[PDB]
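What follows is a single structure, written as structure tokens, with notes after it.
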Amino acid sequence: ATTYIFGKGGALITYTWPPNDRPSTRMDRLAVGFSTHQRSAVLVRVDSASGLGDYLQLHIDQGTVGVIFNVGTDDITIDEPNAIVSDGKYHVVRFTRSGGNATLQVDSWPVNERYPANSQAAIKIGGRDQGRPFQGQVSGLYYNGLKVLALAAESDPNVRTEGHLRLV
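Mapped onto PDB author numbering, the consecutive letters of the sequence shown carry residue numbers 86 to 202, 210 to 260.
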């Protein structure tokens with residue numbers, strides 16, 4: 086329930102687990118609040134051990150939200166192509182992984198992805221080097237117990253700050 090505004094140039098909020106507490110999880114929850122006017126941006130990126138690719142991606146594409154996450158080799162996508170999100174108004178996204186199974190809630194639209202038959213390293217919010225970079229405001233981010241936005245506000249050493257930010 087803390088809000089950061091990402092200005093012109095795009096900002097970045099990195100939470101970095103110490104190289105000794107890298108959580109290898111059976112289940113993940115991401116839940117973000119935000120608003121933006123652009124139809125193409127990246128919100129939350131979660132990195133895996135060095136050189137394994139992205140563990141979790143949350144991006145706005147075509148004005149709708151979508152998550153990519155990997156089950157070892159393959160990366161699984163979940164699209165919510167019904168909720169328009171690039172209006173500038175408030176929107177709450179809730180990704181819920183459980184093994185291969187997964188759920189995606191955007192505002193009032195839920196999607197359920199069900200499976201057929210990896211240690212985390214960092215969480216980045218926004219991105220300053222994918223021109224056009226993210227612009228707008230993110231609010232009350234939550235990942236596996238970590239309220240990363242709050243942890244910034246209280247200057248947690250694990251949280252590195254880059255870009256054009258403002259606590260509102």
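Here a beta-carbon is modelled for each residue, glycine too, at the ideal position from N, C-alpha and C.
Among the options, nearest to residue i - alpha-carbon criterion
i, options, result
"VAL129", "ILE217, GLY136, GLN190", "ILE217"
"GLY118", "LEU233, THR162, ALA96", "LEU233"
"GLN222", "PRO104, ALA126, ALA168", "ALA126"
"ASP248", "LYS93, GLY92, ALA86, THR99", "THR99"
Residues of its chain near residue i, where Cβ-Cβ distance is below 6 Å and the 5 sequence neighbours each way are ignored
i, result
"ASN186", "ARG199, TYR200"
"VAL191", "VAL150, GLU165, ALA168, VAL178"
"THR188", "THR181, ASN197"
Distance CB(residue i)-CB(residue j) smaller than 8 Å
i, j, result
"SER171", "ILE145", "yes"
"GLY148", "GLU165", "no"
"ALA242", "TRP102", "no"
"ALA245", "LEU257", "no"
"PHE91", "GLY173", "no"
"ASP113", "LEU141", "yes"
Check: residue i C-beta below 7 Å from any heavy atom of the ligand ZN
i, result
"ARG199", "In terms of ligand content, the structure shown is empty, and the ligand ZN therefore cannot be addressed."
Residue i classed as buried or exposed, judged by whether at least 16 other C-beta atoms fall within 10 angstroms
i, result
"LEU137", "exposed"
"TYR175", "exposed"
"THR253", "exposed"
"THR121", "buried"
Nearest-angstrom beta carbon gap, residue j and residue i [assumed within contact, 8 Å]
i, j, result
"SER135", "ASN210", "That belief does not hold up - the Cβ atoms of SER135 and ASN210 are roughly 12 Å apart, past 8 Å."
Contacting residues, own chain, Cβ-Cβ under 8 Å from residue i (five flanking each side not counted)
i, result
"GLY94", "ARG220, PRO225, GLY255, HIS256"
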